[PDB]
């Protein structure tokens, strides 16, 4: 569905300007509620907390077809120099700053010590800080040629603890979806920092579910004190 | 029924049957009372509370057919002829037709399609400009009356990045006076609303009897002349 179709369906479902009591929204309010419904729905889908679906990020074909258009791949070889880490062999990499959740995360290694295995792809294991001390020396869950520990730190950074030098850092995350903005908003206004029209980038399959959730949010907004 | 029939039946209903007959009315007086009755009937019938039935402009077939001959459609002229101070920075000033009595429907044709104009009140203006958006809904536009001289000037507020192509106004034309005879005189030309020539009732014949009855009632109230009659029959001026 397009922005015009989004607005028209929103009005039709809300029974705007009908004879019965009803609710009429501005295009800014329609955009706000559509964006809120979109982001709520995709977060609930990713966490598997939607009772209707009850499935996780890629647990079935339906959810794949829903959130296929947020999956973005990223590559980086630059390392942030001045930072204080929890180990000597700690390197820091920037995050794209539009990430929502990291779903695939792997690290290529370039070191002489692992001879004839150079350029080995290594599995970045997100490790909590409780386990870090007892995982540094762990030969089965600690850093090694086939495994790297990533700890999240401030300023959108990723502290990669490896026994070998880390050359490249690969990611595949869920991106910020573009907001659903149905009209070029006036000066000052914006949704997610976007002022112009913005079409939903997901598939049309989930557009109608987003519309239903946005409508429900609208009625909740108008009918939370009565 | 033409002006001659108004005057003749006015005499018949006023003083040709009454027992202790009163002095007959001059044609200027009859024309005055007929015009006043015309405006009074129009104002009574436009507002539901103004008449005994509780029915307004379009609340029954009779009320439709009453104003059928008084409805007119025109266009507002863009008021870029001279500079002016608009209350709202993003409002385009338009001038309504001179012969305007009441506005019942307005519409504006923009590049984004036709949009119905909603006349927003001053309290609704204050409420709506307190919200973050400050623009109309999708298929409507907003309107407020601005500095008007000799004719109504109107401020149209549309959504951003929209240009107005035309501004049609379905209004009720100002009724023309009912004048029985050429009021030209050597002693001085008298006029009802600026016209001394004969002027027929330009409304449907369905309400000609109604206007005549109201004229007779006003004539007899003036004849009585006490404060009571004037006060109770002024309640229907509205």
_Here is a list: B:108, B:77, B:73. Which entry is away from chain A (no Cβ under 14 Å), surrounded by 18 or more Cβ atoms within 10 Å (Cβ to Cβ) and out of contact with any helix residue (DSSP H, G or I) (no Cβ under 7 Å at 6 or more places or on another chain)?_
B:108
*asked:* If I ask for residues that are closer than 19 Å to residue B:171 by Cβ, without any contact (Cβ under 8 Å) to a residue 60 or more places away in the chain and not in a loop (DSSP other than H, G, I, E, B), which ones from the range B:49-66 would you list?
replied: B:63, B:64
*Looking at (1) farther than 16 Å from residue A:202 by Cβ; (2) in contact (Cβ under 8 Å) with a residue 60 or more places away in the chain, which is the only condition residue A:36 fails?*
(1)
*If you go through the range A:186-195 one residue at a time, how many are farther than 19 Å from residue A:37 by Cα and either loosely packed, with under 14 Cβ neighbours inside 10 Å or more than 8 Å from chain B (Cβ to nearest Cβ) (or both)?*
2
*Going through the range A:8-22 one residue at a time, which ones are in contact with a helix residue (DSSP H, G or I) (Cβ under 8 Å, 6 or more places away or on another chain), within 14 Å of chain B (Cβ to nearest Cβ), surrounded by fewer than 22 Cβ atoms within 10 Å (Cβ to Cβ) and not in a loop (DSSP other than H, G, I, E, B)?*
A:9, A:14
*Is it the case that the range B:214-231 has a residue that's touching a residue at least 60 places away in the same chain (Cβ under 8 Å), assigned to a loop (DSSP other than H, G, I, E, B) and either touching a strand residue (DSSP E or B) at 6+ places or on another chain (Cβ under 9 Å) or surrounded by 13 or more Cβ atoms within 10 Å (Cβ to Cβ) (or both)?*
no
*Which of the residues that make up the range B:191-207 are over 18 Å from residue B:46 (Cβ atoms) and in a helix (DSSP H, G or I)?*
B:205
*Residue among A:168, A:163, A:145, A:154 that alone is away from chain B (no Cβ under 14 Å) and either without any contact (Cβ under 8 Å) to a residue 12 or more places away in the chain or at positive phi (or both)*: A:154
*Please find, among A:25, A:86, A:70, A:41, the residue that is away from chain B (no Cβ under 14 Å), over 25 Å from residue A:151 (Cβ atoms) and in contact with a helix residue (DSSP H, G or I) (Cβ under 9 Å, 6 or more places away or on another chain).*
A:41
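Answer yes or no as to whether residue B:172 is more than 23 Å from residue B:88 (Cβ to Cβ), more than 14 Å from chain A (Cβ to nearest Cβ) and touching a strand residue (DSSP E or B) at 6+ places or on another chain (Cβ under 9 Å). Show your work before the answer.
On the way: more than 23 Å from residue B:88 (Cβ to Cβ): yes; more than 14 Å from chain A (Cβ to nearest Cβ): yes; touching a strand residue (DSSP E or B) at 6+ places or on another chain (Cβ under 9 Å): yes.
Yes: the conditions hold for residue B:172.
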*Identify all residues within the range B:150-161 that are within 14 Å of chain A (Cβ to nearest Cβ) and surrounded by fewer than 19 Cβ atoms within 10 Å (Cβ to Cβ); write none if there are none.*
B:160, B:161
_Identity of the residue in the range B:111-149, within 26 Å of the chain's Cα centre (by Cα) and part of a loop (DSSP other than H, G, I, E, B), that ends up farthest from the other protein chains (Cβ to nearest Cβ)_ = B:149
_Step by step: first the residues of the range B:162-190, then only those that are in contact with a helix residue (DSSP H, G or I) (Cβ under 7 Å, 6 or more places away or on another chain) and in a strand (DSSP E or B), then the one that is surrounded by the most Cβ atoms within 10 Å (Cβ to Cβ). Which residue is that?_
B:179
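Ideal geometry is used to build each Cβ from the backbone, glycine not excepted, and the neighbour counts take in all protein chains shown. Coordinate-derived values only; no laboratory data.
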